[PDB]
Each structure stands twice: as C-alpha cells, then as structure tokens.
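This text opens with one protein chain seen in two forms, each one given by itself as structure tokens under the names structure 1 and structure 2.
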Structure 1
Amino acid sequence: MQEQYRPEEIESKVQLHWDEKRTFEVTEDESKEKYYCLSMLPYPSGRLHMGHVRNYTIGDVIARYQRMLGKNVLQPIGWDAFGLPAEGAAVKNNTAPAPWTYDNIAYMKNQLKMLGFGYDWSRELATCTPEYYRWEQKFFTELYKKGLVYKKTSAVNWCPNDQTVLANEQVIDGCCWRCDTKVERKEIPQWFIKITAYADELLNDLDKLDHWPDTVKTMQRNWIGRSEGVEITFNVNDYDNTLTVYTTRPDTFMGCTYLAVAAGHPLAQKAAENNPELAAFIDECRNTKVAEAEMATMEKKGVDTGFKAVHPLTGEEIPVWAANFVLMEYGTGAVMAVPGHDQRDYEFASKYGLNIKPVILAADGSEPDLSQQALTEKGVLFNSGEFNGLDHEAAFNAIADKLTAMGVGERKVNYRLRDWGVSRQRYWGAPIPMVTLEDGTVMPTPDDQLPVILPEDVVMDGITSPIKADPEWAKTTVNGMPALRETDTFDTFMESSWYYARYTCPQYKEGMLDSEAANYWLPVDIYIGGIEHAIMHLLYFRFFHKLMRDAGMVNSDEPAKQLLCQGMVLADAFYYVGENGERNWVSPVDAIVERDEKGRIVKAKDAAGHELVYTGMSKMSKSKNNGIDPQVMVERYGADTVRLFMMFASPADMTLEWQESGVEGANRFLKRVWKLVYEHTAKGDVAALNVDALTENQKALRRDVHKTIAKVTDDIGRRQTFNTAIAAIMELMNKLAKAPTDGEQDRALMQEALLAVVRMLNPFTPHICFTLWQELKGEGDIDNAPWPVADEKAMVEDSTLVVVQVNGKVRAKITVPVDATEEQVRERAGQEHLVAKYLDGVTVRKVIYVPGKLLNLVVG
C-alpha cells in the first residue's frame, strides 16, 4: 500500500480478483437467503453514458450492500440488443446491425467491467441471439393458441417516398428524418396481444405493490384508465348501419347535440362520396400523427357529413360531424358530443356553431352559465325530459336502464389502455412466428420451426428490410403445403418483458424457464431503472410476468417486490440541419455556448461555426448525441470516484441535470479516506477496545461512528438516499481526522471507526475499500464482510438540542438533558439573552413544546 491513493493501480487488480474468484457468480444456493437485485439491462448503443452509471451504481450499491447482509445475491447484466438505432447506424457505417451490435456490446461490456459492478457475468445474455428469442417466439405462439393474440389494422407512419415505415422519432415536425418528404398515415394489418384482457389484474394489483413508489402506481393507473359507462347505439337517416358511442356521462345524454365520427368511419366514407369538402377533410386527416401528444395539441378540425343520427331518447335529428381527433382503431371511432358539459365539445361547438345545450344544474341547483365554458362538474339533470331532477348517479343509471331496455344501450367497462401492437416492419428484431399458407390461412410457425432465425449477414439498403427484400426467406412448408412466414419483427419491448426470468437460467435449452431456478430467485426483490419506463416497460413487464404465471412458469402474481425508479440524468442537447432537412445532433462537449444571467444557454455554435438549435436538458441518449461517457473520468480518477460522485449528486429518485463540476470533492474525499487508513495502520496493531474506560470525547466519537452506521443503513436500505448516506459518512471522516491517535484507546476507537467506515463505503467504492479492508487487516474479502451493526448502547444521548422561538422565530438554541421537563426548558430558554430581549413588555399567551426538540413562546 502506497501513501498516494492511485486507483489506476488498485482498480483493475481488484476487478481481476473478482473475475477469477468468480465473486459475484451465484447459483440457486438453497442454504443462503436469496436477493435478486435487478437493474434494467441496457440497449447496446455504443458507449455508456452517465444515466447508465447512475442505474448500475445504484444497482451495484444495493447488491453489494445486500451481499454484505448475508444474502445470496443475483445481480445480472445483458444486452437488450434489438432495436431501431442499429439500423440507421449500420448504414452510416456500412455494416449489418448484428456486427455493429456485437461490437457495441464488447465495448460497453468493457465499460461496465472497469466500473467494477458486481455482476454474475456467467449469466450474461444478448437478446438478439436465437438462444434467447426462440423462447419469446414459442411463447407468442402459445399466447396465439390461447386467444390472446390477434390482427387488426393499425395506423403507421408511412413515408410516401421511401415507401417505408417510420417510428415516431423518425418523424420530425411531420416530415421524414432522411428527406423532408411528408409522412402519411397508413393503416396496416398488425399483430396485437390482448394486454386489455389483463387490465383489471394490472390495475387492481397495484394496491398490493406496497414497495412500488406512488408516482409509478398512479401513472400506471391513469394510463390503464378504466371507466364504467354505456355504449349507445344510434340509427342514422339514409344510412343502413348503426353508429355506436362510448360515454362515461350517459347522465348528460339529453345534452347531445352532435356526434363526431372518425375520418375513417364508413359514414364519413359514404358521405364523402357526394361532398367534395368532406372528401378533402378526410384526405387531409392522414396527416394526423400517430402520437397522442399531437392528436391533442393539434387544432380540432371537422366537416359536417350532412348525415343525421336520431337521438334515441329525444328523437331529434342530430348532425354527424367527421372530426380529426376521433379514431377508428381505438373504440367505435364515433363519439357523442355534449358541449354544455365537456370542454373539448365546448370548443368544437363554439368554433363551428353547433348547439351548446345545458342539461346539468350548477352545484347550487341553478342553470349553468355556459357563455364562456362547459359545466363539467356533475349534478342534477334539467331540460332532460323524463330524467329532470335526478342526481348524477340516479340519472346515469336511469338513462342507462332506458337505453338498455330500448336495446340500444349497454353498460360497458372501458380502458384507456389499448392492446399491445408488437408488429414492427423492420429488420433488426425477432421475427414474428406466424405463417400464412397457400390455403390463405394463418397459423403459428410450427413448433419444430422455432426459432425462426433472423439472418445476420445482410446487405442493408436502409429503406427495406433484408428479410422482406429477399423473396426466398419467407418460404417455408407447413402442414405439407407452401407457406410464407411473417417478415415483420417484434416490438423490442418483447425481449425486455421477460429477460428478468431468463437471467435465472440463461443456459437452459429445454425450455423458456427452468422454473426451479426461476422460482428460487423470483420475484425480483428490487428492480432499478429509469423513471422513463414507469409505464410502458413496467406494464409489459408485469403483464408478461402474469402470462408466464398463467402458463405455470412462475409462482407469484407480481414480478418485482420493490421498484426503484431513478431520476433521468439529463444534458443540454443541440442540433443543426443538414443541407437537406437532416437533424444533426451535436454533443454538448463540442458546443460553444453563450450563457444568460439566470445561467441559461442563449446562443450555441458547433466547431464549424454552425448555428445550433439548443433543445434544453433532456435525458442523456445517443439519439441527441448528448450522453457523457464516464470513460474519461474513469481513467483519470477511477471507478470509485465516478461512482461515489454519481451517488452523491442527489438522491436516486430525483432527475439530475449533469455537470462535470463536483467530481473532485468525491475524489478528494477518497484521498482523505485513504490517507487516514494509511496513517492509522502505519502505527501497527491496536489493543482491543475497552468500552467502559473511554473519555467522553471518545464516547461522543464512538456514538457518532455508531449513529452514522445506523443512518447510512437506514438511508441505503429504506430510503435510498445514497447522497445523504454518503454525506453522513463524510462528516464522520471529518470528525475522525480531528480525533487523537496516540492513546491505546484512541487507536482502538479509530480502528473500529475505520472498519465501520471502509465497509460503509464499500457498496459505493468497493475497489478502494477492498484494498482498505486488507490494510485494516479486515477479516477476509470485504465483499463478504458483514454489514456493520450499530450498537444501541453506544448511541444513547445524554442531552438533546432544543430550539427556541418567540412567535415562531428562532432566538436561541440550548443543549438540555434528554430528560428535561417543559418547565426546565422554559426556565432554561429564559436564561438566554435574546429570548429575554423578546419577552420584555409582553405576556406569554401560549407555549408550545415539542419534547426534546423545540419550544415556541407565542407572545403578545
């Protein structure tokens, strides 16, 4: 051990230790209690960024802490390796997605290793491999065979030029990411998994997820968006088909003054026939972007159809308008409009002069003033014929019952949640195991034809998928006849919905899951990953868990006991536009940046004097080229410093705007820790500690050493406030370094303190602590060292600090025996001159005493 802390030496040596001793390789060890600490596996995008480091350090932190408490700890790592970015990337570069992907893996594999995370590499999987997706393929056919998979047509961002399907991110203000040719809606038959058939289970079970944050439970709930309502069926004049709407407000039904139908809706088609203006509007309507966000900011636009539904209850003819915000894919693609009592229908009616008919009384039972807006709050019906006077509830049911009994209504449950569309029209993904025969008929790819390999050796024209470009590939034989397999590939969310299970038995060819290894490790105890995935990935995750329950593969209803969603690590992002429309993102490292007085970026320019559009902080991603790769910091300072720096920035759950400034503290703290163990162990062995014997100065110290341990443990295991944990530790160092060390007892305290510290540090900076255990002649490898237990008896306070306020204003602070009465505290408070200052001429009206902590003298 040198005097100078030189992580460039220590870190690899410790890592190489871990590789060889296979420290974090774990088996289904039935003696030791298991803990399965899972961080959401990365997509291999090229380089680690800081966001991943927050994730995996939080992850390594809890894993190592947990091993330290004596548990058998699974911490796995792998590559969620299908996805878009490799497609674009592999052409820029003239490769196939596969070799670019595998090389991204090796590069990053290397980055995660040097950061010393304690992963069970024996368990690494790469989702692009047939060893892997063959199982999601077989599973899908099981689901198919079991009625949970279907085909409906679905709108897709089609580029009319390229004539190629684009993901929303490749749509830039309504244009194509390559050439500024305009994206259009195309409906395309696609595969769906009836996630909706598990809506109630997904919705109800959240109330059992005691250890999932509320943010995520609430987000998922609002997303599933279950409602009870009524579908209502209307006849239209001179049209042969009925129209159906879903409303949660049948109560407002006598206030229906129009219907609005989707551009795609046959009424709209039939009416277009003879109405050039409607025909225009529908044609316009494939400029409606396949994202909800636009579907909602876009201005509502609609053309009347000339058609007239019959209100089943009033008999009045009502206009059918075609509108741009009502979609066929989702529900009936026909809504019922009550302008008086829905803000969306208030706006619409205003704009196009439709009727704004009131039918619900203000809370006071008076007629609502509609002249500005809808009355949306529920209430007594009026001007609703036979239903007048009824409260919201009774009107709901009353209108429900009549429409039911007229056979045109029905009570129906609905969910905002739509089914999951897994068909992707792209190459780099697992092919969907479906098969169309000469028959014309469609079945699962036969068992014995799984997996359906995605070939890796391809020429990528960029525009088309190799497996759609080549006529031979689709060709198979099924049931004896020629058939064509599906050329669409899976939404890559599919691979990230079940990896957590495959990690328990990645090397198992007999099935999807060696359910004995799955049930040894499952459910995951803690699941760590971005807040970004609160909803989609997590909801697919639970879903899939449950489909795997429902296949007898796993025992528990839910996949993850605890969920830790870290905040997003963000960074300034910047683009210029290429000579034809191409958005070019420019790393913040390369941006030359002019700053405000509130410190905001005001101008930005790239190395070539390109003006840049600054976009603000957004999560770090290769998409905006704004990720900071830990690599340089790591090689200058070592993993431990980057790691502790990351955990110290702020608490896990809070989003964090990245800044390079602050590292060195973390680095200097580690030098202070090093120096102090160096110096303390240079004076050799210590006497056993004699507890009853120590100066009060030593007694205070030990009690801090012990309160820290308690705090850091409570911070790490209950709150996940690693930053406070660390600060609490730092302050102990500051104390420890101002403590005497010639005393036999000085040295013995120092030594207990320093073991407790070096262990407390370990989950954050295990390389330096591994080394520092050895010096302190710690028992064995620090990795399996037990977490330190605070001794209650070393933690009793004699006194306690009481804050003193007059009329709520702190005037004084006063140490006071823990066992102090209000009256002694009062009299004590009194002795303080600044308290006296404020009590002259005034009466104590009210005294408030928070025992042992605070005294307020309401004075008048």
Structure 2
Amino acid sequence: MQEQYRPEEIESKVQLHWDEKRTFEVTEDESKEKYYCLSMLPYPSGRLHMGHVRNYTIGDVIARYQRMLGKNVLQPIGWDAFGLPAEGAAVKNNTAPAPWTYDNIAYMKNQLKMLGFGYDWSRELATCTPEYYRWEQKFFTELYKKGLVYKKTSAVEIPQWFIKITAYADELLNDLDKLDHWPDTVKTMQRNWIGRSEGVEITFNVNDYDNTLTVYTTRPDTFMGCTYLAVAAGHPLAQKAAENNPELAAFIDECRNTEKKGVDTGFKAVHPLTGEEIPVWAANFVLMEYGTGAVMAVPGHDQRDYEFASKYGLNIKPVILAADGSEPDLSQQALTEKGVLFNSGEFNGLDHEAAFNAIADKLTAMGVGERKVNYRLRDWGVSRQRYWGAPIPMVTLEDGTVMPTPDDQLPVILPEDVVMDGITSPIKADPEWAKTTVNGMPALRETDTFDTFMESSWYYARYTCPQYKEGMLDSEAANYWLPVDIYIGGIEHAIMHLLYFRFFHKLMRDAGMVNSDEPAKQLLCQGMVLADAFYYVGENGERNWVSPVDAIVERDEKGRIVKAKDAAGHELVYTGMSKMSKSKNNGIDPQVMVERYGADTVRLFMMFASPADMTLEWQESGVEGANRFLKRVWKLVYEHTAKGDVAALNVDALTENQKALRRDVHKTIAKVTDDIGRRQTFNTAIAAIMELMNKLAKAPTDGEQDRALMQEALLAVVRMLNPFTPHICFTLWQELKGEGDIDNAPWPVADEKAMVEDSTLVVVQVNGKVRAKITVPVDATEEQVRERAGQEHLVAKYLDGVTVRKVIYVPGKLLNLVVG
C-alpha cells in the first residue's frame, strides 16, 4: 500500500475500471430482484452545480447500497437537451444550438464520471437526438387519433396545440391516494393544482338584455348576501354594454398590459330569490377562462368581493354567523369561514351543508340553477414558436384539412446546421422547409416545436430500452423495471414535471405499452445547498456582493463573525446562509472542490452534513473534516495491512474488552443498515461509522486475536462506507484482501450472537431524577438491582432518613426510587 491517501492517484484508475468492466450495466434479468433508482436528468447548461452533485450523490449511494444487497440495479443518466438557454447562447457565441449543446454534454459527462457516479452508460440518452424524439412524434399522432389532441387559438394570443390532460383529471386526483411514499407537500400541491371544485351555476335575468347571465359559485349557502355580480372583461355582456359605454370599452382593453379595478355595465340583474335589482360590473379579477367567466359577488364573505365593493361603494351584507354564534364584524374585512345562516329568510339557522343543499334544490327546482363540477386544471399547451425542440408532426393540406404527418415521413428531423438571426426560427424564416407533399398534392408542415416538458415526461421509461427501434417502448423491458423504486429530485417541479410524467405514464398504459398505473413509488426531494453571503456598500450606495471564498472573516470570544473584509479592504456585512446565486455571488463550483479534495471527500460531506431532505449548509471547514476523516481511515488500513495476514478469528475466547468492541462493530452494522435502508438518515449513518472508527483507532493491534478482530471490523467499515466513498473503498478492499471487486461484495450483516450482552447499564432515579448509572449482570433480578443501587453512595445519600414509597422498574433499563 502507499502511505499517503492521494485521490488524484486513485479516482481515475477506479473510474476507468468501471468503464472497462462495465460494472454498472444491467440487463432484464428475471432471476434477480430488480431495483430502479432514478435521479432527475440534467439540462446540459455547461457545468454541474452543487444541486446536481447532491442530487446524484444521493441516487448513487442508494444504487450502490442496493447492489450490495443483491439486487439488480438500474441507475441511468441522460440529457434533457432541447430548450431555450442554447438559443441565446448560440447567439452570444459564434455557434448553433446543437454543437453548443453536444459540447456541454461532453463536458458535464466527464464531470459526472469524475464523481464516480455508477451509471449504466449503455443506456445514456440525449433527448435532442432523432433517435429519441421521433418517438414522441409518433406518440403525438397516435394521441391525436385517440381524440386527445386538438388545435386552438388562445392567450399567452396565438394558435396552439393541446393535449387533453383534463380527461385524466379525476384519475390523476384519485391516484394520489396510492402514493404513500410521495411527500405530502407534493401531493397537496397536485390536488390544489387540479382544483376540483363542487359548485352551483346560477342564472339571472338581466333588464335591457336579451340573454341571461350565469355565474359559478362554490358557496351557494351565501346566496342572500349577493349584492352585485362580477363579469370578466371578455364576457359577451360586458362587450355588449361597451358599444354604448365609452368608459367600459377603455376597460376591455386595459386588461391586456398586465388589486381591484372595475367598470359598471349599467345592466341590472334580478336576484331570483329576493326580486331585488342588482348591478353587474366588469371586474379585473374575474377569469374569463374558468367557470362561466362570471361570479355572484358576496362581499360580506369573499375577500376579493369585499375589496371591490368597498372601493366602489357597493353594499356589503352579512349572512353567515360568527364561529361563536354572533353576528360578525365586517368593518375590517370579509368573514371567511363556513357557518350558520342568518339574514337569509327561509334559510335562517341552516348550517353550511344543509344550506348549500337547500338553496341548490330550490334553485334547481325554480329552473335557474344546477350543481356543477369545475376544475382549475386546463389542457396542456405543447407548441412553441421556438427552433430548439422537436418538430410537431402535423400537416396542413392545401385544401385546408389538418392531419398528422404520415408514418413514412417520420421522424420529422429538425436540422442542426443553421444560422441564428436570433429572432426567427431558422425553420420559419426559410419558407422552403415548411414546404412538403402528402399523397401528391402539396402540403405545409408545422413549424412550432414541442414544449420541452414533452421529452422529460417519458425519458424514465425509455431508459428501459434505449436502443429499441420498432417502438417507443419494449413492453417486456419497460414492465420489468417499472415502476421506478425511487425518484430523486427538487420539490420545485411538483405541478409541472411531476404531474406531466404521471399523466404520460397513464397515456402509455392506455396505449398498451406498460401495465401499471403510476410511474414511481417513492419520491425523494432533496433540500437546497446554501452558502454564506457577504456584501459591502460602495461609495455610491450600491451593494456589492462578495463571494464567501473571497471573504476574510474574524471570529471572537467563541467564534462568531464580528467583522469581515475583502482583499480590496472593503467592509463586509454577513447576511447568513442563503440559496446560491449569481446576484448574491456565493455559488460554489463543484469542480474546484472535486479537484481540491477529491470526489470521495466531496460526496462524503454532501451526505453527512445534513439529512437528504433538509437544506445543506456548505462549509469549507466541514469539507476539510470529511477529508481528514478519509485520511484517518486510510492510515488505519495501512498500519493494519503493513503487518500482514491474520489468523482466523476465534469468537469463543475473546476478552470482555474484545467482546465489547466486536459488539460495537455489529451494532454499527445494524444501525447503519437501518439508517440507509429504512429511515434514509444517511447523515446519522455516516456518524455511526465515524463513531465506530474513533474506537477502532484506539484498540490494540499486537495479538493474533486483536488483529483478526481489526480485519473483520475494517472489512465491515470499508463496505459500509462504499456507497458514499466508492473510490477509496474499492482500493482498500483490495488492500485488505477481500474477495473480488467491492462493487459486488455483499452488504455486511450483523451477527446476532455478537450483539448479545453479558452486562447492562441501569439508570437509577430518585423521584425521577438520575443519581447514578450502574453496570449489573444482564440477567440480574430486580432484587439484585435494588440492592446494588442501594450500595451506591450517590444514591444512598438521597436515601438518608427518607423512605421508599414505591418503585418503578423497567427490566435492564431503569430503576426509579420514589421517596420518601
């Protein structure tokens, strides 16, 4: 062995072994239990950030641990490669988006390798390649024929392609119930986003108006509180009035260049229950796109109605009682909560549910109302007027009929050799590209490209069979691996990507491509990486943000930054730990850290400093501790193997000291296993390993037996540490002369017999307060425990002239003397 740990001498050698042996490449093997461990695929922006490194370290820890458990593990990697940032960059550089992207892919890929992430590289995908995106093109045309795709003019205002996600709203909603291993926060977020609403539509007569007006409400129980109606600016009635109302016309237009504003239509509606005439306004807070584009305003009870009403001097009216039985104070604001009705005629004293239903029945029966479900979820807009994305496989024939691009004209290849006049898509500015021909007779092909959410909605499934032509998926491959066992990414994608891929999975199931309802069993959302942030105020009053690496802090009595400076000698203020930014200038580059300390150090810190799902505060000094630890592990292994082979261990003959140490070894194995496998508290896992290593370094290494126990302990630690720091462990495994490559060594299992105790610790309380800890035989009787607790001066002096009233005893744990 070499005396120095030198990651530079070890990491690339091990990495190259992994490529040469294709260690992490896997097939669909039915004799083994599968495990699919998936991290969210990176966008090739140019270089990895600390988010990626934390995300992929977590995945890799799991993937490696699961392999050592004897499972067949898929850990795939890929590139979500279309998108906007390349178009602006092709521009700011000489280049085109494709070559820029491929350059970025190559560079980041080399970074992922230097971190020793054990991916199956034979499954690598880059989504901007025809070999990938042809398949979403083919699937689009299929979805079209299914009745799930349509074209529509709509606001953002332009013609767009939509996929009908609303057709699966109730499945997307109900199936949240099957996802116990998704975090609540994410689930709630998809509920809210779907926004399933049970309500009542209520139609009014209007006075000098030859139609009726319908509103949608979720609170029909408050109907008697309705003092006016609000209609969206795009409402037919508001546009009607606006012909003879110059001021209204102004408003139907000020609602584009975008807190309450409105204009009176002049129209009076007739409330159906009261006969009372009420005013219709156009209001800026009424969505034309949801419900009916109009509301019954109840300002006593909805906050937006309240603010609109008191700003335009409209009647506010209380109709729901206070929580406590009393009439409510509406002087400040709307009273929001459901409660008992008053001020509502025949409906007085009814509570929310009984009232909802009484007032709906009555209105249904007068023929001016009906129950109604609405959804906040709108259909998914998939077209972009952008160049860098998959072309949309649709065609307009010269006669005017739209249809899918024919199967023999697929894939519709987007061309990569282009010049950017960076403001028109090269496939738009040249009028030849659009030109094509179907069945003879000329045709114009679509020029919009896919929303980039389109590639990231199905990649996880394509990883199962990435080289399969003949189909989007190989169903036997896909069904072997799916569903994903753990999916690891940020919580920010909750109602975008996390929703699209569930929807797409069900799309693929319904085309007979997969046989399961949901794509992923567990979602783990890893916290943010934060760094320290500093700034000085310049002569001009402007805040200049200084990188904490450039910061020079000065502690105090006890640690505590009391004053800091940069090299220019500016006075810095410390704002704490915060999200990493360009604004705040506090980004840490993982490449610098990987090259400073080695990857194992960087990984070990990332996994140690904080639980997967809590924020992680980057510290250089914590990183350096992780580095020093690896050196202490290296040293111990070196001093040990320097002495050569060991005799076989003899378990029956060990000292009480030797037995205690061996028991710490196997208890650690048990705790580390539980913490990684079941709890997923990787930081406490690592802490147990360190705790154990501190004890090992202090143990004797001279006798045949001491040395054999060390051999065992080291072989166990090196495996336990391997999912976090594979390069150093792979190496030390060899040095210790373990069987084969560490990547296929079995996860250590704790030996039940080694964990048995001969003695135990019993805490003695006197009236509930500790006064001693005693070591008694493991099987001492209660009487023996009381007698020995008594012999302890530390106890016996809280038993002087005072008498034991009763005693509480938990076998082998606690004796509580109640006194006295």
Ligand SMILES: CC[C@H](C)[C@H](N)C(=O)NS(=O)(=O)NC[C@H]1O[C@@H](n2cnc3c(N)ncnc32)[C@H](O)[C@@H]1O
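We call the rigid core the largest set of C-alpha positions that still match within 1.5 Å between the two forms. When a residue number appears, read it as a position in the sequence of structure 1, where counting begins at 1.
> Could you let me know which number goes with the form deposited with this ligand bound?
Here the form deposited with this ligand bound corresponds to structure 1.
> Fix the rigid core, compare C-alpha positions between structure 1 and structure 2, and report which of 410, 438, 664, 205 shifts by 2 Å or more.
Single residue meeting the criterion: 410.
> Comparing between structure 1 and structure 2 on the rigid core: C-alpha of residue 122 shifted by 2 Å or more?
It does not reach a 2 Å shift.
> Quick check: residue 27 between structure 1 and structure 2 - does its CA shift reach 2 Å or more after fitting the rigid core?
No; that C-alpha moves by less than 2 Å between structure 1 and structure 2.
> 2 Å or more on the CA of residue 251 between structure 1 and structure 2, with the rigid core superposed, yes or no?
Yes.
> Can you read me the CA shift for residue 143 between structure 1 and structure 2, rigid core superposed, in Å?
So the C-alpha of residue 143 has moved 0.6 Å between structure 1 and structure 2.
> Check the Cα of residue 632 between structure 1 and structure 2 on a core superposition and give its shift in Å.
Residue 632 C-alpha displacement between structure 1 and structure 2, core-aligned: 1.2 Å.
> Hey, core superposed, how many Å does residue 801 shift at the CA between structure 1 and structure 2?
Once the two forms are fitted on their core, the shift reads 7.2 Å.
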